[PDB]
Amino acid sequence: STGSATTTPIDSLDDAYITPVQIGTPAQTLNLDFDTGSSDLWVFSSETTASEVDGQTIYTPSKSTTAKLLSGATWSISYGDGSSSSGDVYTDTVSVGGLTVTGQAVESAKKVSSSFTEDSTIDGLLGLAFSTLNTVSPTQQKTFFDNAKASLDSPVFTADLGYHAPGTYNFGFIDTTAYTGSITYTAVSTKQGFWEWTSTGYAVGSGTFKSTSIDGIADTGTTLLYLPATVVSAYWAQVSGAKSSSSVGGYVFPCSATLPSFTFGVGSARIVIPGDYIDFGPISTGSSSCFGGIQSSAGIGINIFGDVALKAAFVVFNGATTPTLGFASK
Ligand SMILES: COc1nncc2c(C)n(C)c(C)c12
């Protein structure tokens, strides 16, 4: 089997991407944030505290003839941005782009933090990291990909995120029309539960490439590119007036600037992030200070190849017996 679904930016900044997912019988379609940095499929639901729902579409398990309470199971998650959610668990039929898993754990939120309530466009998350990170207790549950894997034509999924435009998540096949040149594959460590790999270096604009190992994660659920402070300082030094602002929470730059590109290494290959991808617009409405898309990972504890980086590539998440990541230009 295979599946193919379109993923769409939630806003004009590409803060996140949503992908429609069918849950239950008859289908209930929710728009979920596919997140290769976590491993829970959780949704706003008929059980979510009413004052914490503000425009999201909810899953109602009592209206699904295939939903079953997973007795005694609970879940609770906290994300790198300080947001959180928790609740109980059902199993139900879940389909993505024509690919169906029966008995998928669907984690129903009883509580969500304010940042989830405030984002009316995201109805929940669909985790695509390794199932060892799944938070369900006392019986840990498998991701949608993990459950689908054995049925797929090939044990892979691909992320093809758009810049200010729709893109695609495919399961079970590699669309050879979706990228240019060849796909360069690189080793993955699953020891922390992430799609963790080592970039071979970087360049800023038309500058020379610096060969240096940068260990980080491929995370579709993180908006920005978070890299070591040395690398980030070298980038922003090329932008007149750019500075790190503790009051704003990162590097800012004049909105009048034209940003340089940023290149990252994948083995001997190179992925070029155009400068425009690094512009996140005014820090507040009407401001002439703009927020940067490359930020320091210092004080996160891990480097994160988030959407800013991933959207410049066609990315293969290879879940073969020894997982690997592939990157191609597009
Ligand atoms: C204008 O965009 C922003 N402004 N201020 C802080 C931000 C943070 C922390 N992130 C991730 C974005 C996209 C920001």
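Both ligands and their constituent atoms are indexed starting at 1 by order of listing. Count residues from 1 along the sequence. Heavy atoms only: backbone and side chains are in, while hydrogens, waters and symmetry mates are out.
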Residue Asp15 vicinity, atoms of ligand 1 by number, heavy atom under 4.0 Å: 13 (C)
For atom 8 (C) of ligand 1, what's the nearest protein heavy atom and its distance? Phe291 CE2, 3.5 Å
Would you please indicate if the ring centroids of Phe157 and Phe34 are separated by under 6.0 Å? no
Write down the atom of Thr158, the atom of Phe173, and the distance for their closest heavy-atom approach. CG2-O, 4.1 Å
At under 4.0 Å between heavy atoms, what of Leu13 touches ligand 1? The answer is neither
Please state whether the rings of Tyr251 and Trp236 are parallel, tilted or perpendicular, taking 30° and 60° as the class boundaries. parallel
Checking ring pair (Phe, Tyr, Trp, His ring centres under 6.0 Å) against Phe327, which of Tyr185, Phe314, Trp197 comes through? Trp197
Where does the angle between the aromatic ring planes of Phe145 and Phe171 fall among parallel (under 30°), tilted (30 to 60°) and perpendicular (over 60°)? tilted
What is the minimum heavy-atom distance between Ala148 and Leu99, and which atoms define it? CB-CD2, 4.0 Å
List ligand 1 atoms under 4.0 Å from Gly281, heavy atoms only on the residue side. 1 (C)
I'd like to know if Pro282 contacts ligand 1, where contact means a heavy-atom distance under 4.0 Å to any ligand atom. yes
To which protein heavy atom is atom 11 (C) of ligand 1 closest, and what is the distance rounded to 0.1 Å? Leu224 CD1, 3.6 Å
Classify the contact between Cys290 and ligand 1 as side chain, backbone, both or neither, using a heavy-atom distance cut-off of under 4.0 Å. neither
